[PDB]
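Here the structure comes first, spelled out in structure tokens, and everything after it is commentary.
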Amino acid sequence: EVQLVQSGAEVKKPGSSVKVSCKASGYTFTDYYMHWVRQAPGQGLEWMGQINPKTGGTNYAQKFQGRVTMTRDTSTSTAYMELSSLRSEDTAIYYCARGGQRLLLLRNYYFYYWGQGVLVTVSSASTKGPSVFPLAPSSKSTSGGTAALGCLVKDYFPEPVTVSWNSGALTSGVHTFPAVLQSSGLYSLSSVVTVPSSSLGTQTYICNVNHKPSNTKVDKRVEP
Amino acid sequence: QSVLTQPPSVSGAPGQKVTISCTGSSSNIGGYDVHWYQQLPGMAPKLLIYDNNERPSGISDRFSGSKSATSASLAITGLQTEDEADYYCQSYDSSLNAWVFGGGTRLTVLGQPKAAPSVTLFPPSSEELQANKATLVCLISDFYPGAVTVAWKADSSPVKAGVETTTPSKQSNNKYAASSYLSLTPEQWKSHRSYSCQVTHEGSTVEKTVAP
């Protein structure tokens with residue numbers, strides 16, 4: 001019935017500014033305060049402030065006083081949160097959430113309706129395609145076996161990358177791991193494929209790695 | 001960093017009770033109601049309890065809230081795997097003139113058999129070595145519950161430098177996976193007899209080692 005629809009997902013450099021939008025539908029926009037709540041990844045919830053949609057009046061959380069501007073476009077029923085002088089610790093999911101009714105003297109102060117949230121990633125890193133390296137079959141680390149081989153997708157930015165094997169033909173025994181973020185500001189991941197030892201030399205194994213943000217495709221054949 | 005205080009994590013067997021504490025002061029909980037949110041992975045927070053002890057429509061009675069002086073508490077009975085989420089308390093602070101949140105409590109529901117991890121350790125490839133880099137890759141999988149720590153040794157000596165380890169992530173089979181990377185110079189790679197990746201799980205260790 002009421003819906004809060006958000007936009008503005010991106011990857012920013014430190015020093016820049018980002019403007020996130022929250023379009024409200026299903027109620028009279030001007031009847032309720034709108035709040036902004038951020039959540040750095042893996043971390044807690046952080047109230048940023050609120051805006052009165054009728055007047056445009058705002059109240060900002062202490063922490064963000066020098067850097068945040070909340071606005072509203074009543075005609076599009078849209079609330080905006082602009083954060084400036086971004087640094088890496090501003091990497092977060094930014095939510096809008098409806099507050100209590102504007103005119104009520106004692107209004108509710110929980111948040112029932114939330115926007116879906118918008119990821120802002122702040123990094124000094126520049127777009128970088130991965131280097132792909134084969135993880136040659138270690139036969140004596142798959143007890144039972146079979147045997148696991150794979151591909152290391154090293155030093156790319158930003159997320160995401162996708163990997164398949166044999167152009168997607170091989171899907172069984174496939175495990176592609178979540179990426180890690182390094183001190184370089186670059187990501188890395190591995191994809192591995194558990195496979196019958198006697199089939200090592202009979203084909204075989206090609207990892208296809210797609211990194212859209214850099215328009216890089218790598219097809220790495222993994223020899224035993 | 002966070003004005004209200006919650007325990008970082010709680011856990012329970014399916015069917016059991018868990019309690020999550022939220023502690024504040026006279027300036028917040030002492031003067032205002034406490035609300036609770038359940039955040040499932042990838043979702044916005046979802047109002048779970050409001051005005052200390054009320055449930056929104058749809059929320060099970062297995063969830064109950066209470067408030068007392070300057071703290072509040074969320075009780076969950078008949079714990080279900082579906083309850084696995086992050087829980088936040090929220091109130092308002094009159095001294096700060098601001099909405100305030102707890103730091104969050106991660107609830108794990110132990111809905112699978114305990115399982116030690118499988119550990120696969122890969123040496124640097126010749127290609128990476130030719131790029132004058134070296135990465136050992138330690139892949140950890142099929143462990144439960146999803147908490148491991150990883151120790152790297154160069155021969156017998158621990159290495160802390162150059163180690164980067166992911167947080168555990170839930171596989172499709174409901175067990176967990178994690179990876180750890182050890183960055184080396186190719187000189188470092190060549191100049192030891194071996195490197196080991198030790199994965200500790202529930203006070204038990206599984207180790208793999210490789211050599212140039």
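To be explicit about the labels: the chains of the structure tokens are called A, B, and onward in the order shown, and within each one the residues are counted from 1, while ligands get numbers from 1 in the order they are shown.
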Exercise for the section: Using only C-alpha atoms, select each residue of chain A with any atom at most 7 Å away from an atom of chain B, and give the selection as a PyMOL selection string. Expected result: chain A and resi 44-47+61+110-112+114+116-117+133-135+138+141+180+182
Prev. selection, C-alpha atoms, output as a PDB file, in the first residue's frame:
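To be explicit, this is the file written out as result.pdb:
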ATOM      1  CA  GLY A  44      24.781  -1.212  12.918  1.00  0.00           C
ATOM      2  CA  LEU A  45      22.061   1.321  12.167  1.00  0.00           C
ATOM      3  CA  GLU A  46      22.817   5.041  12.250  1.00  0.00           C
ATOM      4  CA  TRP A  47      20.188   7.795  12.249  1.00  0.00           C
ATOM      5  CA  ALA A  61      22.192  14.043  13.419  1.00  0.00           C
ATOM      6  CA  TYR A 110       9.398   3.705  15.433  1.00  0.00           C
ATOM      7  CA  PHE A 111       9.970   3.075  11.756  1.00  0.00           C
ATOM      8  CA  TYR A 112       7.419   0.815  10.103  1.00  0.00           C
ATOM      9  CA  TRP A 114      11.390   1.471   4.962  1.00  0.00           C
ATOM     10  CA  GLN A 116      14.799  -0.898   0.152  1.00  0.00           C
ATOM     11  CA  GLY A 117      18.095   0.854   0.796  1.00  0.00           C
ATOM     12  CA  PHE A 133      45.485 -17.403 -12.406  1.00  0.00           C
ATOM     13  CA  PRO A 134      44.926 -21.125 -12.439  1.00  0.00           C
ATOM     14  CA  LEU A 135      44.683 -23.035  -9.193  1.00  0.00           C
ATOM     15  CA  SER A 138      46.229 -30.408  -5.536  1.00  0.00           C
ATOM     16  CA  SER A 141      43.931 -32.109  -0.431  1.00  0.00           C
ATOM     17  CA  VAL A 180      37.886 -10.482  -0.186  1.00  0.00           C
ATOM     18  CA  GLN A 182      42.525  -6.125   0.288  1.00  0.00           C
TER      19      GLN A 182
END
Practice task
Write out as a list in words each polymer residue whose atoms come within 9 Å of segment 31-37 of chain A, counting only C-alpha atoms; drop sequence neighbours fewer than 4 positions from it.
Solution key: residues 27, 45, 46, 47, 48, 49, 50, 51, 52, 53, 54, 70, 79, 81, 93, 94, 95, 96, 97, 98, 99, 100, 101, 102, 103 and 111 of chain A
Those same residues, written as a CSV table (one decimal), in the first residue's frame with N, CA, C and O atoms?
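Wrote it out as result.csv, contents follow:
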chain,number,residue,atom,x,y,z
A,27,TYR,N,0.5,7.2,0.3
A,27,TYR,CA,0.0,8.1,1.4
A,27,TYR,C,0.3,9.5,0.9
A,27,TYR,O,1.0,9.7,0.0
A,45,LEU,N,22.9,0.3,12.7
A,45,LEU,CA,22.1,1.3,12.2
A,45,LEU,C,22.4,2.7,12.7
A,45,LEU,O,22.7,2.8,13.9
A,46,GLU,N,22.4,3.7,11.9
A,46,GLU,CA,22.8,5.0,12.2
A,46,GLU,C,21.8,6.1,11.7
A,46,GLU,O,21.7,6.3,10.5
A,47,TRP,N,21.1,6.8,12.6
A,47,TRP,CA,20.2,7.8,12.2
A,47,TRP,C,20.9,9.0,11.7
A,47,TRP,O,21.9,9.5,12.4
A,48,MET,N,20.5,9.5,10.6
A,48,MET,CA,21.2,10.7,10.0
A,48,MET,C,20.4,11.9,10.2
A,48,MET,O,21.0,13.0,10.2
A,49,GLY,N,19.1,11.8,10.2
A,49,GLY,CA,18.3,13.0,10.4
A,49,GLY,C,16.9,12.8,9.8
A,49,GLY,O,16.5,11.8,9.2
A,50,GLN,N,16.1,13.9,9.8
A,50,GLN,CA,14.7,13.9,9.4
A,50,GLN,C,14.4,15.2,8.6
A,50,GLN,O,15.1,16.2,8.8
A,51,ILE,N,13.4,15.1,7.7
A,51,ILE,CA,12.9,16.3,7.0
A,51,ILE,C,11.4,16.3,7.1
A,51,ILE,O,10.7,15.3,7.1
A,52,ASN,N,10.9,17.6,7.3
A,52,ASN,CA,9.5,17.9,7.3
A,52,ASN,C,9.2,18.1,5.8
A,52,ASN,O,9.7,19.1,5.2
A,53,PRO,N,8.3,17.3,5.2
A,53,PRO,CA,8.0,17.4,3.8
A,53,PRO,C,7.2,18.6,3.4
A,53,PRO,O,7.3,19.2,2.3
A,54,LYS,N,6.3,19.0,4.3
A,54,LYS,CA,5.5,20.2,4.0
A,54,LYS,C,6.3,21.5,3.9
A,54,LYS,O,6.3,22.2,2.9
A,70,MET,N,19.3,17.5,3.4
A,70,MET,CA,18.1,16.8,3.1
A,70,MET,C,17.1,17.7,2.4
A,70,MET,O,16.8,18.8,2.9
A,79,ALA,N,12.0,12.5,-1.4
A,79,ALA,CA,12.9,13.0,-0.5
A,79,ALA,C,14.3,12.7,-0.9
A,79,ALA,O,14.6,11.7,-1.4
A,81,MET,N,18.6,12.9,0.1
A,81,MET,CA,19.7,13.0,1.0
A,81,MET,C,21.0,13.1,0.3
A,81,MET,O,21.5,12.2,-0.3
A,93,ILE,N,24.7,1.3,3.3
A,93,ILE,CA,23.4,1.2,2.8
A,93,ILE,C,22.6,2.4,3.3
A,93,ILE,O,22.6,2.6,4.6
A,94,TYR,N,22.1,3.2,2.5
A,94,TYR,CA,21.3,4.4,2.9
A,94,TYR,C,19.8,4.1,2.7
A,94,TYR,O,19.3,3.8,1.6
A,95,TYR,N,19.1,4.2,3.8
A,95,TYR,CA,17.7,3.9,3.9
A,95,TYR,C,16.9,5.2,4.1
A,95,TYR,O,17.4,6.1,4.9
A,96,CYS,N,15.8,5.4,3.5
A,96,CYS,CA,14.8,6.3,4.0
A,96,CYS,C,13.7,5.5,4.7
A,96,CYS,O,13.5,4.4,4.4
A,97,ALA,N,13.2,6.1,5.8
A,97,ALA,CA,12.1,5.4,6.5
A,97,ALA,C,11.1,6.5,7.0
A,97,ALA,O,11.5,7.5,7.5
A,98,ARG,N,9.8,6.2,6.8
A,98,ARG,CA,8.8,7.1,7.2
A,98,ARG,C,8.7,7.3,8.7
A,98,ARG,O,8.8,6.3,9.5
A,99,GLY,N,8.5,8.5,9.2
A,99,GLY,CA,8.4,8.8,10.6
A,99,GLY,C,6.9,9.0,11.0
A,99,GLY,O,6.0,8.4,10.3
A,100,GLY,N,6.6,9.7,12.0
A,100,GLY,CA,5.3,9.9,12.5
A,100,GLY,C,4.5,11.0,11.7
A,100,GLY,O,5.2,11.6,10.9
A,101,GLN,N,3.2,11.1,11.9
A,101,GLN,CA,2.5,12.2,11.3
A,101,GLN,C,2.9,13.5,11.7
A,101,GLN,O,3.1,13.8,12.9
A,102,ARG,N,3.1,14.4,10.7
A,102,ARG,CA,3.7,15.7,10.8
A,102,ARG,C,3.0,16.6,11.9
A,102,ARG,O,3.6,17.3,12.7
A,103,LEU,N,1.7,16.7,11.8
A,103,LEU,CA,0.9,17.6,12.6
A,103,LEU,C,0.6,17.1,14.0
A,103,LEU,O,0.3,17.9,14.9
A,111,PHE,N,10.0,3.0,13.2
A,111,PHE,CA,10.0,3.1,11.8
A,111,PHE,C,9.3,1.8,11.2
A,111,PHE,O,9.9,0.7,11.3
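Backbone DSSP assigns helix (DSSP H, G or I) in segment 108-166 of chain A to residues 139, 140, 141 and 166 of chain A.
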Write out, as an mmCIF file, in the first residue's frame, the residues just selected, with C-alpha atoms.
data_model
loop_
_atom_site.group_PDB
_atom_site.id
_atom_site.type_symbol
_atom_site.label_atom_id
_atom_site.label_comp_id
_atom_site.auth_asym_id
_atom_site.auth_seq_id
_atom_site.Cartn_x
_atom_site.Cartn_y
_atom_site.Cartn_z
ATOM 1 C CA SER A 139 45.450 -34.122 -5.568
ATOM 2 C CA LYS A 140 46.428 -34.571 -1.924
ATOM 3 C CA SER A 141 43.931 -32.109 -0.431
ATOM 4 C CA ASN A 166 33.433 -24.478 -19.742
#
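Proximity of A:92, A:200, A:136, A:105 to residue 42 of chain A, computed with only C-alpha atoms, is greatest for A:92.
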Practice task
Name the residues in contact with residue 25 of chain B at a cut-off of 7 Å, using only C-alpha atoms, excluding same-chain residues fewer than 4 positions from it; report them as a PyMOL selection string.
Solution key: chain B and resi 29-30+70
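From atom CA of residue 148 of chain B back to atom CA of residue 201 of chain B, the distance works out to 5.0 Å.
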Practice task
For segment 208-221 of chain A, please output as a ChimeraX atom specification all residues within 12 Å (counting only C-alpha atoms; exclusion window: fewer than 3 positions along the same chain).
Solution key: /A:10-11,126-136,149-170,176,187-191,203-205,224 /B:127
With N, CA and C atoms retained, write the just-selected residues as a CSV table (one decimal), in the first residue's frame.
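Saved to again_37.csv:
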chain,number,residue,atom,x,y,z
A,10,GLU,N,25.6,3.9,-6.0
A,10,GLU,CA,26.9,3.9,-6.8
A,10,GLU,C,28.2,3.8,-6.0
A,11,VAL,N,29.3,3.9,-6.7
A,11,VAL,CA,30.6,3.8,-6.3
A,11,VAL,C,31.2,5.2,-6.4
A,126,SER,N,40.4,2.9,-8.4
A,126,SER,CA,39.9,3.1,-9.7
A,126,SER,C,39.5,1.7,-10.3
A,127,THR,N,38.6,1.8,-11.3
A,127,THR,CA,38.2,0.6,-12.0
A,127,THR,C,39.4,-0.2,-12.5
A,128,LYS,N,39.4,-1.5,-12.2
A,128,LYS,CA,40.5,-2.4,-12.5
A,128,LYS,C,40.0,-3.8,-12.8
A,129,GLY,N,40.4,-4.3,-14.0
A,129,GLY,CA,40.1,-5.6,-14.4
A,129,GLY,C,41.0,-6.6,-13.7
A,130,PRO,N,40.5,-7.8,-13.4
A,130,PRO,CA,41.2,-8.8,-12.7
A,130,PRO,C,42.3,-9.5,-13.4
A,131,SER,N,43.3,-10.0,-12.7
A,131,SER,CA,44.3,-10.9,-13.3
A,131,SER,C,43.8,-12.3,-12.9
A,132,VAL,N,43.8,-13.2,-13.8
A,132,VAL,CA,43.2,-14.6,-13.5
A,132,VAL,C,44.3,-15.6,-13.6
A,133,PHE,N,44.4,-16.4,-12.5
A,133,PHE,CA,45.5,-17.4,-12.4
A,133,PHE,C,44.9,-18.8,-12.1
A,134,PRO,N,45.5,-19.8,-12.7
A,134,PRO,CA,44.9,-21.1,-12.4
A,134,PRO,C,45.3,-21.7,-11.1
A,135,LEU,N,44.4,-22.3,-10.4
A,135,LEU,CA,44.7,-23.0,-9.2
A,135,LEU,C,44.8,-24.5,-9.5
A,136,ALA,N,46.0,-24.9,-9.9
A,136,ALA,CA,46.3,-26.3,-10.4
A,136,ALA,C,46.0,-27.3,-9.3
A,149,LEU,N,40.3,-28.4,-8.6
A,149,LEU,CA,41.1,-27.4,-9.3
A,149,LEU,C,40.3,-26.1,-9.3
A,150,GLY,N,40.9,-25.0,-9.8
A,150,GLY,CA,40.2,-23.7,-9.8
A,150,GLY,C,40.9,-22.5,-10.5
A,151,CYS,N,40.3,-21.4,-10.2
A,151,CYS,CA,40.8,-20.1,-10.8
A,151,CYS,C,40.8,-19.0,-9.7
A,152,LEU,N,41.9,-18.3,-9.7
A,152,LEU,CA,42.0,-17.1,-8.8
A,152,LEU,C,41.8,-15.8,-9.5
A,153,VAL,N,40.8,-15.1,-9.1
A,153,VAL,CA,40.4,-13.8,-9.7
A,153,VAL,C,40.9,-12.6,-8.9
A,154,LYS,N,42.1,-12.1,-9.3
A,154,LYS,CA,42.9,-11.3,-8.4
A,154,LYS,C,42.8,-9.8,-8.7
A,155,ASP,N,42.7,-8.9,-7.7
A,155,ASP,CA,42.9,-7.5,-7.8
A,155,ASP,C,42.0,-6.8,-8.8
A,156,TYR,N,40.7,-6.8,-8.6
A,156,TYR,CA,39.8,-6.1,-9.4
A,156,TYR,C,39.0,-5.1,-8.6
A,157,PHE,N,38.4,-4.1,-9.3
A,157,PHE,CA,37.5,-3.1,-8.7
A,157,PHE,C,36.6,-2.5,-9.7
A,158,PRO,N,35.3,-2.3,-9.4
A,158,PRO,CA,34.7,-2.8,-8.2
A,158,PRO,C,34.0,-4.1,-8.3
A,159,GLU,N,33.3,-4.5,-7.3
A,159,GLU,CA,32.4,-5.7,-7.4
A,159,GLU,C,31.4,-5.3,-8.4
A,160,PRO,N,30.8,-6.4,-9.1
A,160,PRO,CA,31.1,-7.8,-8.9
A,160,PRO,C,31.9,-8.4,-10.1
A,161,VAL,N,32.2,-9.7,-9.9
A,161,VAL,CA,32.7,-10.5,-11.1
A,161,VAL,C,31.8,-11.7,-11.1
A,162,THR,N,31.8,-12.4,-12.2
A,162,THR,CA,31.0,-13.6,-12.3
A,162,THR,C,31.9,-14.7,-13.0
A,163,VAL,N,31.8,-15.9,-12.6
A,163,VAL,CA,32.6,-17.0,-13.1
A,163,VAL,C,31.8,-18.2,-13.4
A,164,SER,N,32.2,-18.8,-14.5
A,164,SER,CA,31.5,-20.1,-14.9
A,164,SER,C,32.6,-21.0,-15.4
A,165,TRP,N,32.3,-22.2,-15.8
A,165,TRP,CA,33.3,-23.2,-16.2
A,165,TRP,C,32.8,-23.8,-17.5
A,166,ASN,N,33.7,-23.8,-18.5
A,166,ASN,CA,33.4,-24.5,-19.7
A,166,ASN,C,32.3,-23.8,-20.4
A,167,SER,N,32.2,-22.4,-20.3
A,167,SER,CA,31.1,-21.6,-20.8
A,167,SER,C,29.8,-21.9,-20.1
A,168,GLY,N,29.8,-22.5,-18.9
A,168,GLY,CA,28.6,-22.8,-18.2
A,168,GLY,C,28.1,-24.2,-18.3
A,169,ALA,N,28.8,-24.9,-19.2
A,169,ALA,CA,28.4,-26.3,-19.4
A,169,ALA,C,28.7,-27.2,-18.2
A,170,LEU,N,29.8,-26.9,-17.5
A,170,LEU,CA,30.1,-27.6,-16.3
A,170,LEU,C,29.6,-26.8,-15.1
A,176,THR,N,32.2,-21.2,-6.2
A,176,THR,CA,32.8,-19.9,-6.4
A,176,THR,C,32.6,-19.1,-5.1
A,187,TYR,N,39.7,-6.1,-4.8
A,187,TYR,CA,39.1,-7.3,-4.5
A,187,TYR,C,39.7,-8.6,-5.1
A,188,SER,N,39.5,-9.7,-4.5
A,188,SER,CA,40.0,-11.0,-5.1
A,188,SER,C,39.0,-12.1,-4.7
A,189,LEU,N,38.8,-13.1,-5.6
A,189,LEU,CA,38.0,-14.3,-5.3
A,189,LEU,C,38.6,-15.5,-6.0
A,190,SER,N,38.1,-16.7,-5.5
A,190,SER,CA,38.5,-17.9,-6.1
A,190,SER,C,37.3,-18.7,-6.5
A,191,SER,N,37.4,-19.4,-7.6
A,191,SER,CA,36.4,-20.4,-8.0
A,191,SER,C,37.0,-21.8,-8.1
A,203,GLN,N,40.1,-33.6,-21.1
A,203,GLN,CA,39.4,-32.5,-21.6
A,203,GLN,C,40.2,-31.2,-21.8
A,204,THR,N,40.0,-30.2,-20.9
A,204,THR,CA,39.1,-30.3,-19.8
A,204,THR,C,38.5,-29.0,-19.2
A,205,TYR,N,39.2,-28.3,-18.3
A,205,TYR,CA,38.7,-27.2,-17.5
A,205,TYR,C,39.0,-25.7,-17.8
A,224,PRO,N,46.3,-29.4,-15.4
A,224,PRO,CA,46.7,-30.1,-14.2
A,224,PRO,C,48.1,-29.9,-13.8
B,127,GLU,N,52.1,-18.3,-13.3
B,127,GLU,CA,51.7,-17.0,-13.9
B,127,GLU,C,51.8,-15.8,-12.9
Tell me, as a CSV table (one decimal) with N, CA, C and O atoms, in the first residue's frame, which residues lie within 10 Å of residue 20 of chain B, counting only C-alpha atoms; anything in the same chain fewer than 5 positions away does not count.
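Written out: part10.csv:
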chain,number,residue,atom,x,y,z
B,6,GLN,N,23.8,-3.6,23.0
B,6,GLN,CA,23.3,-5.0,22.9
B,6,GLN,C,24.4,-5.9,22.9
B,6,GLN,O,25.5,-5.5,22.5
B,7,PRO,N,24.2,-7.2,23.3
B,7,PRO,CA,25.3,-8.2,23.0
B,7,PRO,C,25.5,-8.4,21.5
B,7,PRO,O,24.5,-8.4,20.8
B,8,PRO,N,26.7,-8.5,21.1
B,8,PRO,CA,27.0,-8.7,19.6
B,8,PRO,C,26.4,-9.9,19.0
B,8,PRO,O,26.0,-9.9,17.9
B,9,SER,N,26.3,-11.0,19.8
B,9,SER,CA,25.7,-12.2,19.3
B,9,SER,C,25.0,-13.1,20.3
B,9,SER,O,25.5,-13.2,21.5
B,10,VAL,N,23.9,-13.8,19.9
B,10,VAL,CA,23.3,-14.8,20.7
B,10,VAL,C,23.0,-16.0,19.7
B,10,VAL,O,23.0,-15.8,18.5
B,65,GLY,N,8.4,-8.1,23.9
B,65,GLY,CA,9.3,-7.1,24.4
B,65,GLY,C,9.0,-6.7,25.8
B,65,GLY,O,7.8,-6.8,26.2
B,72,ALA,N,15.8,-2.6,28.1
B,72,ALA,CA,14.7,-3.2,27.5
B,72,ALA,C,15.2,-4.6,27.1
B,72,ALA,O,16.4,-4.9,27.0
B,73,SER,N,14.3,-5.5,26.8
B,73,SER,CA,14.6,-6.9,26.5
B,73,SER,C,13.7,-7.5,25.5
B,73,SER,O,12.5,-7.3,25.5
B,74,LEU,N,14.3,-8.2,24.5
B,74,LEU,CA,13.5,-9.0,23.5
B,74,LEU,C,13.6,-10.4,23.8
B,74,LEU,O,14.7,-11.0,23.8
B,75,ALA,N,12.5,-11.1,24.1
B,75,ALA,CA,12.4,-12.5,24.3
B,75,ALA,C,11.9,-13.2,23.1
B,75,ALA,O,10.8,-12.9,22.5
B,76,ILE,N,12.6,-14.3,22.7
B,76,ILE,CA,12.1,-15.2,21.6
B,76,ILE,C,12.0,-16.6,22.1
B,76,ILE,O,12.9,-17.2,22.7
B,87,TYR,N,19.2,-8.3,15.2
B,87,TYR,CA,18.2,-7.6,15.9
B,87,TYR,C,18.6,-6.3,16.5
B,87,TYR,O,19.7,-6.2,17.1
B,88,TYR,N,17.9,-5.2,16.3
B,88,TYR,CA,18.2,-3.9,16.7
B,88,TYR,C,17.2,-3.3,17.7
B,88,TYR,O,16.0,-3.5,17.4
B,89,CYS,N,17.6,-2.8,18.8
B,89,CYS,CA,16.7,-1.9,19.6
B,89,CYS,C,16.8,-0.5,19.1
B,89,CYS,O,17.8,-0.1,18.5
B,104,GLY,N,23.3,-3.7,17.6
B,104,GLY,CA,22.8,-4.9,16.9
B,104,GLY,C,23.2,-6.2,17.5
B,104,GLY,O,24.3,-6.3,18.1
B,105,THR,N,22.4,-7.2,17.5
B,105,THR,CA,22.7,-8.5,18.0
B,105,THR,C,22.5,-9.6,16.9
B,105,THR,O,21.4,-9.7,16.3
B,106,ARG,N,23.6,-10.3,16.6
B,106,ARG,CA,23.4,-11.3,15.6
B,106,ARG,C,22.9,-12.6,16.2
B,106,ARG,O,23.6,-13.2,17.1
B,107,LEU,N,21.7,-13.1,15.8
B,107,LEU,CA,21.2,-14.3,16.3
B,107,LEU,C,21.4,-15.5,15.3
B,107,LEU,O,21.0,-15.4,14.2
Practice task
Skip residue 147 of chain B itself and residues of its chain fewer than 2 positions away, then list as a PyMOL selection string all residues within 9 Å of it, counting only C-alpha atoms.
Solution key: chain B and resi 143-145+149+167-168+176+200-202
Put those residues in a file: N, CA, C and O atoms, as a PDB file, in the first residue's frame.
ATOM      1  N   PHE B 143      31.627 -26.348   6.900  1.00  0.00           N
ATOM      2  CA  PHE B 143      31.687 -26.340   8.358  1.00  0.00           C
ATOM      3  C   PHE B 143      30.391 -25.805   8.956  1.00  0.00           C
ATOM      4  O   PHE B 143      29.673 -25.034   8.315  1.00  0.00           O
ATOM      5  N   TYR B 144      30.091 -26.239  10.175  1.00  0.00           N
ATOM      6  CA  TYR B 144      28.931 -25.742  10.904  1.00  0.00           C
ATOM      7  C   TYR B 144      29.132 -25.908  12.402  1.00  0.00           C
ATOM      8  O   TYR B 144      29.592 -26.957  12.854  1.00  0.00           O
ATOM      9  N   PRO B 145      28.795 -24.872  13.184  1.00  0.00           N
ATOM     10  CA  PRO B 145      28.321 -23.533  12.808  1.00  0.00           C
ATOM     11  C   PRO B 145      29.357 -22.704  12.053  1.00  0.00           C
ATOM     12  O   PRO B 145      30.518 -23.106  11.938  1.00  0.00           O
ATOM     13  N   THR B 149      38.522 -19.598  12.759  1.00  0.00           N
ATOM     14  CA  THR B 149      39.655 -18.695  12.677  1.00  0.00           C
ATOM     15  C   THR B 149      40.765 -19.375  11.901  1.00  0.00           C
ATOM     16  O   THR B 149      40.907 -20.599  11.932  1.00  0.00           O
ATOM     17  N   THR B 167      34.753 -13.311   5.874  1.00  0.00           N
ATOM     18  CA  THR B 167      33.834 -13.768   6.897  1.00  0.00           C
ATOM     19  C   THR B 167      33.143 -15.002   6.334  1.00  0.00           C
ATOM     20  O   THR B 167      33.076 -15.171   5.115  1.00  0.00           O
ATOM     21  N   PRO B 168      32.650 -15.888   7.212  1.00  0.00           N
ATOM     22  CA  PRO B 168      31.956 -17.066   6.689  1.00  0.00           C
ATOM     23  C   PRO B 168      30.677 -16.681   5.960  1.00  0.00           C
ATOM     24  O   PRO B 168      29.993 -15.731   6.350  1.00  0.00           O
ATOM     25  N   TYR B 176      28.708 -23.710   5.788  1.00  0.00           N
ATOM     26  CA  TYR B 176      29.393 -22.454   5.511  1.00  0.00           C
ATOM     27  C   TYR B 176      30.694 -22.578   4.731  1.00  0.00           C
ATOM     28  O   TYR B 176      31.347 -23.622   4.725  1.00  0.00           O
ATOM     29  N   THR B 200      40.886 -23.290  12.590  1.00  0.00           N
ATOM     30  CA  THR B 200      40.362 -23.723  13.879  1.00  0.00           C
ATOM     31  C   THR B 200      38.845 -23.600  13.926  1.00  0.00           C
ATOM     32  O   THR B 200      38.285 -22.542  13.635  1.00  0.00           O
ATOM     33  N   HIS B 201      38.184 -24.693  14.293  1.00  0.00           N
ATOM     34  CA  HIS B 201      36.728 -24.738  14.339  1.00  0.00           C
ATOM     35  C   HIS B 201      36.265 -25.452  15.604  1.00  0.00           C
ATOM     36  O   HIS B 201      36.524 -26.642  15.779  1.00  0.00           O
ATOM     37  N   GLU B 202      35.573 -24.719  16.475  1.00  0.00           N
ATOM     38  CA  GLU B 202      35.066 -25.257  17.740  1.00  0.00           C
ATOM     39  C   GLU B 202      36.166 -25.916  18.571  1.00  0.00           C
ATOM     40  O   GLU B 202      35.970 -26.998  19.118  1.00  0.00           O
TER      41      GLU B 202
END
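Atom pair atom CA of residue 5 of chain A / atom CA of residue 63 of chain B has a distance of 28.6 Å (rounded to one decimal).
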Exercise for the section: Any chance you could list, as a ChimeraX atom specification, the residues in segment 150-211 of chain B that come up strand (DSSP E or B) when DSSP is run on the backbone? Expected result: /B:150-154,157-159,163-165,169-170,176-184,195-201,204-210
Handout entry: A:62, A:198, A:171, A:142 ranked by distance to residue 117 of chain B, top pick (using only C-alpha atoms)
Key = A:142
Practice task
Show which residues sit within 12 Å of residue 121 of chain A, as an NGL selection string. Count only C-alpha atoms, and ignore same-chain residues fewer than 2 positions away.
Solution key: :A and (8-14 or 16-18 or 39-41 or 86-94 or 118-119 or 123-125 or 157-159 or 185)
